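Working notes for the structure below.
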Amino acid sequence: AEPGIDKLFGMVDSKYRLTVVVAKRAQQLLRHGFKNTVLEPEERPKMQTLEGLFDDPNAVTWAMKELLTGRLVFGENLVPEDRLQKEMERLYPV
Amino acid sequence: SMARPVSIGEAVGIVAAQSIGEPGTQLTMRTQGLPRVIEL
Amino acid sequence: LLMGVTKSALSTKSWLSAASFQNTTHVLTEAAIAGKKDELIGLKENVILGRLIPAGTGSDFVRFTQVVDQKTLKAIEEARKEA
Amino acid sequence: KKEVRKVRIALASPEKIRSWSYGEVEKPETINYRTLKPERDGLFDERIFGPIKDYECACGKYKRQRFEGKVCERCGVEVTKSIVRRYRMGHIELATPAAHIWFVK
Amino acid sequence: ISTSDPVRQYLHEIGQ
Amino acid sequence: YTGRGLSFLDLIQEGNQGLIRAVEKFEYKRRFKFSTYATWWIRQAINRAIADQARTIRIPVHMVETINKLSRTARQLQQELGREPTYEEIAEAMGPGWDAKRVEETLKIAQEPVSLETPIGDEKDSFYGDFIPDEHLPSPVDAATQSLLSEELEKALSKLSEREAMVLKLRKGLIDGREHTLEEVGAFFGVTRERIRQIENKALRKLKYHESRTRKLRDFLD
Amino acid sequence: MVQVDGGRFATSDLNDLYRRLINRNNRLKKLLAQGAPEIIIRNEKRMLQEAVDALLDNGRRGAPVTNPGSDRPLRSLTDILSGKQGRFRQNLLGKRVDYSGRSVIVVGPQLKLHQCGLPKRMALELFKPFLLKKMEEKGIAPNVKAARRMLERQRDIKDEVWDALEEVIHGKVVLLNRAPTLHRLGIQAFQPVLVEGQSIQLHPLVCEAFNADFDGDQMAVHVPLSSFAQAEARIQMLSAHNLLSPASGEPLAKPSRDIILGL
Amino acid sequence: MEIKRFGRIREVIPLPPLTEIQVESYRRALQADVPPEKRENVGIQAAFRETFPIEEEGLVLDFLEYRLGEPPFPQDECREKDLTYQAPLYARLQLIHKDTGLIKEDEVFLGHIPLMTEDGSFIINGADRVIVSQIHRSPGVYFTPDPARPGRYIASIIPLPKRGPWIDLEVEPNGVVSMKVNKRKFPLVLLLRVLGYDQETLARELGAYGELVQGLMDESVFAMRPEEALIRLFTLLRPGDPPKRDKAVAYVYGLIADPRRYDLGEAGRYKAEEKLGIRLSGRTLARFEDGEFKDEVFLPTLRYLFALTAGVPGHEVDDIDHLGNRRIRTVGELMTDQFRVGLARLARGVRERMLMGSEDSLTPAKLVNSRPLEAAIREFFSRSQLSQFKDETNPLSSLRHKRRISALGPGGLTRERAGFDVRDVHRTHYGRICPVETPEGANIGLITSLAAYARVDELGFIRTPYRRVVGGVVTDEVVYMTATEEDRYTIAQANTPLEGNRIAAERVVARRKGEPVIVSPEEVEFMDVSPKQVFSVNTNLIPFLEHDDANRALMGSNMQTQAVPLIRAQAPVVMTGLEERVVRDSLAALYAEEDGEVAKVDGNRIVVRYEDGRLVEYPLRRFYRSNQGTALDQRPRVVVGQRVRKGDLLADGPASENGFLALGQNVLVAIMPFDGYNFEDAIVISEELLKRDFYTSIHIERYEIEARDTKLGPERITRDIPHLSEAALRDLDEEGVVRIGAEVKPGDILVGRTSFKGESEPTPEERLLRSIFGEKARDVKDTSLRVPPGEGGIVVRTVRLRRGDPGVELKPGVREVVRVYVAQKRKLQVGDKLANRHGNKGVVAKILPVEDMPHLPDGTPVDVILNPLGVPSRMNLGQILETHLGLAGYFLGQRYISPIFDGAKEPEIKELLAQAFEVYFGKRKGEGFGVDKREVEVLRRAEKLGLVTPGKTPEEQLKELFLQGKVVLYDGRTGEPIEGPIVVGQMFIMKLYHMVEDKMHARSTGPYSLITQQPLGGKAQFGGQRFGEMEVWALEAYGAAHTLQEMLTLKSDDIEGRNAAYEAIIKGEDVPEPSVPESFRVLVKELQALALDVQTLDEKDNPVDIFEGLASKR
DNA sequence: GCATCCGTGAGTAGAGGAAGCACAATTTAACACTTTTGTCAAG
DNA sequence: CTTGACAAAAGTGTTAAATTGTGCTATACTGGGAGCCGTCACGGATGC
Ligand SMILES: [Mg+2]
Ligand SMILES: [Mg+2]
Ligand SMILES: [Zn+2]
């Protein structure tokens, strides 16, 4: 099973809300090129390539691990979508 | 499927229909068996 | 009143699902004469139109969830409440 | 822009049916047996349902997007995308009325 | 004659 | 006349039209009974209707008569030779001006289209339309490579000067969709015909140089 | 009215009905213009009504209209929109999809509950756009077109393509399906494992839910594309997450014949 | 390998020719060798004598004789050139002008009749085909009980199919006996009056029963003239047609008295005569002679109905499923019926031809147009349901396909309509139709197989043989009887003990009318010939059949057909005795005609010098491709100078070893679980099988392409292909076709063809590209033939046909066609399907090295590992006995023949196992080796399990285990023994036609449909996977909305969506949001074509345009 | 309360699939013939 | 950049010629040819 899947299910009132949060965080990570992550350098997911260990390109794993960390806030009617995107662009250029 | 309170937004009608209809092939046919369920 | 599954399904309010189940001609003629309007409440109608079904991750209860990290959230709140 | 929320079905009046159509089909001819091109006023007429290929009239005088939304005077075929051939309907003017079998049988 | 058969109906009509 | 493309009632109505024509043209002075003169017109109307309405792809009357004569000759040769004749025999029997090539072309013309809803096999879940690909709309790969070519060509034209790029994109029809001419492009910039031919050639040479130094554009040529 | 590769013409049955209707309408117009008697006009109007009925719904009233030279009734609009082979049940409620494969299944005892054995060639064909992008990223190919031409011919495929493919599928999952899909666990998400061969390896514990043994069964493979699709497959549809039966609540992935015997 | 035989039943007759049902029927139909004056009136001759003479009423066309010429081309030429192997048919006709009285005679070509090969198949358009026999209700008179009313019976008169209406006679509650014809009811009194029946006559004949006759004595019509009665009946049947006596009498005569339209077949006439106890003059219900109608069958059938209703002892109802009431139409009868309908069409063509055009100068050649007959024959042989593509994976496949019986087809039942009644095994199938053999699924009970000893008689009824028993001693007089005749005797069983020829047992198990009984030797009248007559040829190849459940013997017999020929195929160790006969009667091998000496032996030919002096050369079929792609070749089995007797084998056929059927291999099988690789029917095999080329087969694939004339120009098959490097053209010869012997992989070019590009201006970007590179666009484009994905091999043959070539008939517009044959040698791999004769099937899931397989104490590893958990649920215990006997024969080096239901029993197998142990353990003692420690541990554990007798020496305990078929088996990985003794033996296992190489398929993007724009289907079309309704239901249940939306729009028919998704994926971005499907747009447009205004609205009921403004009139 | 009409009946695969002739009217291919475009050369 | 030429591709009539559309044929002829039962069985709604 996915690591910490029980904790992920226990953090939300509906499993589909968990899926929505994971997918949205994955797309946020993909759009900004993984520069908006809340993961420390020792916590970034890695993959074993013939050359060596490199950052995992799968954003869903990154989103799940970040949600496991607990530094993400999710909910409904937090911030306006346009303002959220504009601020995320400003802090994290892409 | 999870032994916990159902999450809001689940398509319980489709699950109900599938659960009822899956063991239909195991019901006897030879007012008894699958015809009984069909008339009910 | 009590009716079977077939009669109860054919007498639904949405003409798309009823037409896609059985008696397409009868359902369509009764809907066209009555000018019936389908509100797209169930799943078959959304499947036919290729829309997002109102179940699972497509339900209004969870579909509008927003995720945001600490730093950007603090930026959005501080740069606005400062006024 | 706006999202589809409802689907309505209703009867179509003769006026509405004529409003849908881009032209009346007057001949049963489909295509020419030798040139394999659609026949005028037929079931596959370009002057009614649109051009066969994008931005090109029947007479081959306009062949680029510059003259978009135009109708060639020589052939009458509108210069637009050929995909409109999937979306443009025609109509047949009956000499006498004919009942719809759905509302009879 | 036969309502559902057009040929028989036409023949009956022309036989009058 | 049944079994030749038209239903019985259609033949009857066409014969009725012929009968109306016969009544219009009949003369009773000659003392011939009506049926003798009306039969000609009825048969004429029925035959013309068959020649005009028995095929999805309409064929002219003279060509229909040619096809019918060819079929009759082929049948006679088949029943006389005790085998299916080749095109040479049929052409020889038809007469002067007929060779094997003309017979083959006539046979190819006389081919009726096949219905898209003809089932194949006992199972009633397969049709011809299920095996005919659509080759009009571009495939996703074709659209993707067209977009890639457009992007790479736009990035290649940036190295050109501001006017040379405009001259090339006008002469090649990258702006208005249609190619212009040196005189027409010259009117836009006020330049004479000859000068544009030289600046365009110079820009083309510069693009060739850049392509030779990068080779980022040779793959899209297939 | 399309022309097949061989040069022959193929057309639908609606054209014949339209031609019949148009011919009868024009002939009625001509007869009216000629002042024809009442019997002829009545017959022509009756034929016009019958042609309209055949076009709208063929076979509902009277003998079905058939193409001359055959006894197969022509396909009308009602036949198009109705039945098991109609528009709804064949093209709207169900469709054929891209990025889909199918192959014979064999048992993999070494796999984990969330893993499956996917043949290398099936993975190459299913993940082709991602593989081309990865090949472009590395030095394998200069651009996407060159990579696709390279993958066109089997003998032109080098050995780094397989390493790129292994890199591409990292984390992603695929949906395995066995027909008939009696219940919802007839489709399950598994993490692919590239294997040598041409048969799919299936975990023993998911056989009862799939109702799949190994005397010749086949299964279909589907590849979800976006982040929502991957998230749903990994969180909701994963095999290791659906352990209890939705119908009764009892375990459905549980020890089976050989495991029970050995214990 | 000496062959030991088991059994005690002495069979008195051999099996009949297994293909005689196909051969003799067609010989009777054609009668191509009988002299014209001695031909009997059946088949084609019957058709001519029935349709002719054609009379204009004064032109008469009369038929004298017909003949069949030599076929234009041989079978091989027809196969190569896609022709039909047929013979010319001419007819001799004479035209008589009755006015003048002059006869002109000439011979007219009536067409080509397809010919049947010596094996019993046809070559239609170059493809092998088989005409399947059809079982249906025999015509005649039947008397069934009315279900609505107890005590009421109804009479049915049934003619040949499409040869007259069914006639119903029913005693109405009012008492009047009503007659139903063509869905119309009327009083039978009227028709009886039409046929010259008074009142006193009916009272004199039908008045000895009771009140029933009173209901059929209406005097309001008795006095009325038969003329007026006939006109009244004519008006009643078809109403509206103006009453005329001529039309009325013509209609009645055509309905019940015209031999050309009503035909009570010979079987029907015989059944009616034997039931009603009458003698029919003809084969019609009534006879129209002397201007009056005369009754033939209505009076006797009404008498029988009345007496049945009365309840006299001699009358009983008819069972319509009784096999004496069901008959078989073979290829001959179906072909004759189609020939007759074509001849009737020709006769009507002649009739409306001789009524116009130079009446005086008419010759038979001008009047006869033979096209309708040829057309009907071609439709029957090409697009009939019973004319099926020949199944020739192996000779047994074709043999079964020829010996199959189908209740479907024209004039038969329906796959969906029939159920629970026609699909059952009736008691009369014993010895006539095989019960176990049938296709499981929607066709169960509808398609069956003819029994081994059964044969169809002239009338179409299946007969079975029985030995005559007189006075309690069984004689050698064999009588072939039908079910109706069989029901009159007490028939004993073939397993009854005999002391010579006298029945020794005091109690004999017999059958009376299908009911088992115990009788005395003096009550026995007939005896079964053998236990094989109850089962078909396919089922008779299963040893130890009595130990297998029927549901699994069905699977085994069905799968015997699907086995592919192997290059090292060997006959089974345990046989039943039919292998040699199956090979002999399939005509796949080559046998000597008479005694002689072999003069020349070669891989392509065998030349034999016979005693009479003639030298006969037999060519050998080498590497021929069957319909299923398998390789069918013959290997010589003689040497130069060898003396051969009559019937001796000269060359083996496909799937045969020295004349015995060889569908698989004999492998060393251990029955035990193995690390879960045996889980759920999976099979584990050793790598040693691949090392010595076991289960290796040769398959040949055909690729075809044609060059065509187009409007823009002719397609050229050339080696000069634009924009291709030299590597792609390396294997193409100067003609553009791949050279023979070249190894081809997917994507390689087989033949190079260029097609003229359609005139179309290019995009501006392409023009800029060509301007930059200075390359002028060509006029031809690559349209060559390449190897499809997952295919390839070695090019073995190329066939090139051109327009001017003799014999070939290319369709117009095609100049030439090129065919390429690619052969590949397939080895056993993971995913391939193996099976055995006892219904045990599974796919190979693992291939282990030789050092990992369990091995015997002497070091011999096993070849296959089978899971024991598949036996208890399936109850197929025959494989266990086969394994025991195979082990016994493996250590004794002999093969066995155990006939089904009379063969080897456990005591004999245990004696053989004792000898096998004495030769298996005595060698170890002779070599100076005692008892293994591991064996001692296994013996201790087995004695704890009660498998051996405590206190015995280790050798005796090992012998006991061996007598149980179990041996001490070691583990190849650890070296330690398996904790319990394992069942090891030798089993015959077949490799089936279902291979994973031909079933794997994947697709990213490809062709799309025309109207719906959805992906096509099928691996050949490179199509996608059908995501039906239940898959959508599963995704909805999971709550995966986005995955479902993707599969509905992005991956199926969202043109913009799919293009954008592909571009985004190849550009490294995420796929965009999907849009409206094109299928919904098609639905909306088709609903608008029905004058229905379908409109899509928004939140505020305002119209929303989903067509992007492309359908709005400005 | 009996006749009568009408709609429904599992999935995924595969592989095998019989008129002629005359004369006027409307395209169409060949032929010149004149601008209308690329080139070329210099200044 | 601007002039003045020149050869070739393209647009413009003109016409004999294939190609297509239309009309007429006068002994007398006057209401069709298929097609026919393992009819599929069971509900359901409607009309008498
Ligand atoms: Mg299975
Ligand atoms: Mg089957
Ligand atoms: Zn135009």
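In the structure tokens, chains take the letters A, B, ... in the order shown, each chain's residues start at 1, and ligands count up from 1 in the order shown.
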Inset, instruction - Determine which residues of chain G sit within 7 Å of chain D, taking into account only C-alpha atoms, and present them as a PyMOL selection string. - result: chain G and resi 19+22-23+25+29+49+52-53+56
Inset, instruction - Compile the contact shell of residue 4 in chain E as a PyMOL selection string: residues with an atom at most 12 Å away, counting only C-alpha atoms (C1' of nucleotides), same-chain residues fewer than 4 positions apart removed. - result: (chain E and resi 8-10) or (chain G and resi 46+50+60-63)
Written file, previous selection with N, CA, C and O atoms, as a PDB file, in the first residue's frame:
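Okay, this is what ended up in selection_16.pdb:
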ATOM      1  N   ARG E   8     -51.680  -4.237 -53.531  1.00  0.00           N
ATOM      2  CA  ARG E   8     -53.047  -4.740 -53.602  1.00  0.00           C
ATOM      3  C   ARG E   8     -54.054  -3.600 -53.532  1.00  0.00           C
ATOM      4  O   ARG E   8     -55.070  -3.615 -54.236  1.00  0.00           O
ATOM      5  N   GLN E   9     -53.788  -2.602 -52.688  1.00  0.00           N
ATOM      6  CA  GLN E   9     -54.678  -1.450 -52.602  1.00  0.00           C
ATOM      7  C   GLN E   9     -54.729  -0.694 -53.924  1.00  0.00           C
ATOM      8  O   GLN E   9     -55.807  -0.297 -54.380  1.00  0.00           O
ATOM      9  N   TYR E  10     -53.572  -0.498 -54.563  1.00  0.00           N
ATOM     10  CA  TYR E  10     -53.556   0.188 -55.851  1.00  0.00           C
ATOM     11  C   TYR E  10     -54.293  -0.613 -56.917  1.00  0.00           C
ATOM     12  O   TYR E  10     -55.025  -0.043 -57.734  1.00  0.00           O
TER      13      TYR E  10
ATOM     14  N   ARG G  46     -49.352   8.446 -51.121  1.00  0.00           N
ATOM     15  CA  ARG G  46     -49.184   7.307 -50.223  1.00  0.00           C
ATOM     16  C   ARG G  46     -47.741   6.817 -50.226  1.00  0.00           C
ATOM     17  O   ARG G  46     -47.178   6.512 -49.167  1.00  0.00           O
ATOM     18  N   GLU G  50     -45.072   6.710 -47.130  1.00  0.00           N
ATOM     19  CA  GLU G  50     -44.356   5.489 -46.778  1.00  0.00           C
ATOM     20  C   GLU G  50     -42.846   5.702 -46.801  1.00  0.00           C
ATOM     21  O   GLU G  50     -42.124   5.157 -45.961  1.00  0.00           O
ATOM     22  N   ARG G  60     -41.243  -0.257 -38.855  1.00  0.00           N
ATOM     23  CA  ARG G  60     -42.286  -0.092 -37.848  1.00  0.00           C
ATOM     24  C   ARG G  60     -43.664  -0.401 -38.419  1.00  0.00           C
ATOM     25  O   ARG G  60     -44.488  -1.044 -37.758  1.00  0.00           O
ATOM     26  N   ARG G  61     -43.934   0.045 -39.645  1.00  0.00           N
ATOM     27  CA  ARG G  61     -45.227  -0.153 -40.291  1.00  0.00           C
ATOM     28  C   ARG G  61     -44.984  -0.759 -41.666  1.00  0.00           C
ATOM     29  O   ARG G  61     -44.407  -0.108 -42.542  1.00  0.00           O
ATOM     30  N   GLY G  62     -45.424  -1.997 -41.855  1.00  0.00           N
ATOM     31  CA  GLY G  62     -45.275  -2.663 -43.131  1.00  0.00           C
ATOM     32  C   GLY G  62     -43.985  -3.446 -43.248  1.00  0.00           C
ATOM     33  O   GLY G  62     -43.223  -3.626 -42.294  1.00  0.00           O
ATOM     34  N   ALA G  63     -43.748  -3.929 -44.462  1.00  0.00           N
ATOM     35  CA  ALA G  63     -42.537  -4.692 -44.741  1.00  0.00           C
ATOM     36  C   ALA G  63     -41.329  -3.762 -44.750  1.00  0.00           C
ATOM     37  O   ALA G  63     -41.391  -2.683 -45.351  1.00  0.00           O
TER      38      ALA G  63
END
Legend entry - 6 Å shell around ligand 1 using only C-alpha atoms (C1' of nucleotides) and all ligand atoms, listed as a list in words: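 The neighbouring residues of ligand 1 are, in order, residues 212, 213, 214, 215, 216 and 217 of chain G.
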Filtering to N, CA and C atoms, could you give me those residues as an mmCIF file, in the first residue's frame?
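File produced: out-v7.cif:
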data_model
loop_
_atom_site.group_PDB
_atom_site.id
_atom_site.type_symbol
_atom_site.label_atom_id
_atom_site.label_comp_id
_atom_site.auth_asym_id
_atom_site.auth_seq_id
_atom_site.Cartn_x
_atom_site.Cartn_y
_atom_site.Cartn_z
ATOM 1 N N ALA G 212 -10.343 -14.629 -11.810
ATOM 2 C CA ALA G 212 -9.403 -14.959 -12.871
ATOM 3 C C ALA G 212 -8.505 -16.098 -12.419
ATOM 4 N N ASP G 213 -8.608 -17.228 -13.097
ATOM 5 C CA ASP G 213 -7.642 -18.300 -12.976
ATOM 6 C C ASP G 213 -6.699 -18.238 -14.176
ATOM 7 N N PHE G 214 -5.862 -19.261 -14.339
ATOM 8 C CA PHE G 214 -4.822 -19.209 -15.357
ATOM 9 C C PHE G 214 -4.870 -20.381 -16.323
ATOM 10 N N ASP G 215 -6.057 -20.699 -16.846
ATOM 11 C CA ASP G 215 -6.211 -21.678 -17.909
ATOM 12 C C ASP G 215 -6.412 -21.025 -19.277
ATOM 13 N N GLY G 216 -6.003 -19.772 -19.435
ATOM 14 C CA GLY G 216 -6.110 -19.096 -20.712
ATOM 15 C C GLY G 216 -6.787 -17.738 -20.675
ATOM 16 N N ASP G 217 -6.976 -17.181 -19.481
ATOM 17 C CA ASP G 217 -7.630 -15.886 -19.358
ATOM 18 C C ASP G 217 -6.759 -14.774 -19.951
#
Legend entry - Distance filter 9 Å, only C-alpha atoms (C1' of nucleotides), chain E against chain J, as a list in words: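 Going by the stated atoms only, the list reads residues 7, 8, 10, 11, 12, 14 and 15 of chain E.
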Please dump the current selection as a PDB file, in the first residue's frame; keep C-alpha atoms.
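out.pdb was written with the following content:
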ATOM      1  CA  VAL E   7     -49.763  -2.972 -54.356  1.00  0.00           C
ATOM      2  CA  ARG E   8     -53.047  -4.740 -53.602  1.00  0.00           C
ATOM      3  CA  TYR E  10     -53.556   0.188 -55.851  1.00  0.00           C
ATOM      4  CA  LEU E  11     -54.788  -2.757 -57.925  1.00  0.00           C
ATOM      5  CA  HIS E  12     -58.156  -2.612 -56.158  1.00  0.00           C
ATOM      6  CA  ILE E  14     -57.568   0.781 -60.510  1.00  0.00           C
ATOM      7  CA  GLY E  15     -59.990  -2.131 -60.854  1.00  0.00           C
TER       8      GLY E  15
END
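The residue that comes closest to ligand 3, out of D:17, D:57, D:7, D:48 and on the basis of only C-alpha atoms and all ligand atoms, is D:57.
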Inset, instruction - Using only C-alpha atoms, find which residues of chain B lie within 9 Å of chain G and jot them down as a ChimeraX atom specification. - result: /B:1-3,14-23
Could you write out the selected residues, including N, CA, C and O atoms, as a PDB file, in the first residue's frame?
ATOM      1  N   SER B   1     -16.278  -1.702   2.533  1.00  0.00           N
ATOM      2  CA  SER B   1     -14.939  -1.969   2.030  1.00  0.00           C
ATOM      3  C   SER B   1     -13.849  -1.390   2.923  1.00  0.00           C
ATOM      4  O   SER B   1     -12.675  -1.712   2.720  1.00  0.00           O
ATOM      5  N   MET B   2     -14.204  -0.550   3.898  1.00  0.00           N
ATOM      6  CA  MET B   2     -13.222   0.085   4.766  1.00  0.00           C
ATOM      7  C   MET B   2     -13.535  -0.022   6.251  1.00  0.00           C
ATOM      8  O   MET B   2     -12.690   0.369   7.062  1.00  0.00           O
ATOM      9  N   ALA B   3     -14.709  -0.534   6.632  1.00  0.00           N
ATOM     10  CA  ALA B   3     -15.095  -0.696   8.036  1.00  0.00           C
ATOM     11  C   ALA B   3     -15.007   0.628   8.796  1.00  0.00           C
ATOM     12  O   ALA B   3     -14.453   0.709   9.894  1.00  0.00           O
ATOM     13  N   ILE B  14     -24.673   2.548  -7.442  1.00  0.00           N
ATOM     14  CA  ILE B  14     -23.934   1.653  -8.328  1.00  0.00           C
ATOM     15  C   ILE B  14     -23.351   0.491  -7.537  1.00  0.00           C
ATOM     16  O   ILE B  14     -23.393  -0.663  -7.979  1.00  0.00           O
ATOM     17  N   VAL B  15     -22.797   0.777  -6.358  1.00  0.00           N
ATOM     18  CA  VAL B  15     -22.253  -0.280  -5.511  1.00  0.00           C
ATOM     19  C   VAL B  15     -23.346  -1.262  -5.116  1.00  0.00           C
ATOM     20  O   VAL B  15     -23.138  -2.479  -5.126  1.00  0.00           O
ATOM     21  N   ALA B  16     -24.528  -0.750  -4.767  1.00  0.00           N
ATOM     22  CA  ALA B  16     -25.638  -1.617  -4.388  1.00  0.00           C
ATOM     23  C   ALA B  16     -26.056  -2.518  -5.544  1.00  0.00           C
ATOM     24  O   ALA B  16     -26.242  -3.729  -5.371  1.00  0.00           O
ATOM     25  N   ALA B  17     -26.208  -1.938  -6.738  1.00  0.00           N
ATOM     26  CA  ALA B  17     -26.615  -2.728  -7.894  1.00  0.00           C
ATOM     27  C   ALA B  17     -25.577  -3.792  -8.229  1.00  0.00           C
ATOM     28  O   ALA B  17     -25.927  -4.947  -8.497  1.00  0.00           O
ATOM     29  N   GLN B  18     -24.294  -3.423  -8.208  1.00  0.00           N
ATOM     30  CA  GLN B  18     -23.239  -4.387  -8.501  1.00  0.00           C
ATOM     31  C   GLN B  18     -23.194  -5.497  -7.459  1.00  0.00           C
ATOM     32  O   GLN B  18     -23.030  -6.672  -7.802  1.00  0.00           O
ATOM     33  N   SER B  19     -23.344  -5.143  -6.181  1.00  0.00           N
ATOM     34  CA  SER B  19     -23.311  -6.145  -5.121  1.00  0.00           C
ATOM     35  C   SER B  19     -24.474  -7.117  -5.245  1.00  0.00           C
ATOM     36  O   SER B  19     -24.311  -8.321  -5.022  1.00  0.00           O
ATOM     37  N   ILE B  20     -25.661  -6.615  -5.588  1.00  0.00           N
ATOM     38  CA  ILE B  20     -26.808  -7.504  -5.738  1.00  0.00           C
ATOM     39  C   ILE B  20     -26.648  -8.385  -6.973  1.00  0.00           C
ATOM     40  O   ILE B  20     -26.964  -9.581  -6.941  1.00  0.00           O
ATOM     41  N   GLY B  21     -26.142  -7.822  -8.074  1.00  0.00           N
ATOM     42  CA  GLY B  21     -26.115  -8.553  -9.329  1.00  0.00           C
ATOM     43  C   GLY B  21     -24.931  -9.474  -9.526  1.00  0.00           C
ATOM     44  O   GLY B  21     -24.997 -10.363 -10.381  1.00  0.00           O
ATOM     45  N   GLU B  22     -23.849  -9.285  -8.770  1.00  0.00           N
ATOM     46  CA  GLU B  22     -22.674 -10.137  -8.945  1.00  0.00           C
ATOM     47  C   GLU B  22     -22.950 -11.613  -8.672  1.00  0.00           C
ATOM     48  O   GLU B  22     -22.568 -12.451  -9.508  1.00  0.00           O
ATOM     49  N   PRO B  23     -23.595 -12.012  -7.556  1.00  0.00           N
ATOM     50  CA  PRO B  23     -23.803 -13.447  -7.318  1.00  0.00           C
ATOM     51  C   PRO B  23     -25.018 -14.009  -8.042  1.00  0.00           C
ATOM     52  O   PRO B  23     -25.491 -15.100  -7.711  1.00  0.00           O
TER      53      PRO B  23
END
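Closest approach to residue 1090 in chain H among G:16, G:125, G:79, G:136: G:79, based on only C-alpha atoms.
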Inset, instruction - Within 6 Å of ligand 2, which residues show up when you count only C-alpha atoms (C1' of nucleotides) and all ligand atoms? List them as a ChimeraX atom specification, please. - result: /H:439-441
Inset, instruction - Output the neighbourhood of ligand 3 as a list in words, that is, all protein and nucleic acid residues with some atom at most 7 Å from the ligand, counting only C-alpha atoms (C1' of nucleotides) and all ligand atoms. - result: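 Those residues are residues 57, 58, 59, 60, 61, 62, 72, 73, 74, 75, 76 and 77 of chain D.
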Inset, instruction - To one decimal in Å, tell me the separation between CA of residue 299 in chain H and CA of residue 171 in chain H. - result: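 Distance reported for this atom pair: 14.5 Å.
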Inset, instruction - Compute the chain H side of the contact with chain A at 9 Å, counting only C-alpha atoms, and hand it back as an NGL selection string. - result: :H and (1039-1040 or 1069-1070)
Inset, instruction - Could you find all residues in range 39-190 of chain G that DSSP calls strand (DSSP E) from the backbone, and write them as a PyMOL selection string? - result: chain G and resi 95-97+100-107+115-119+174-177+187-190
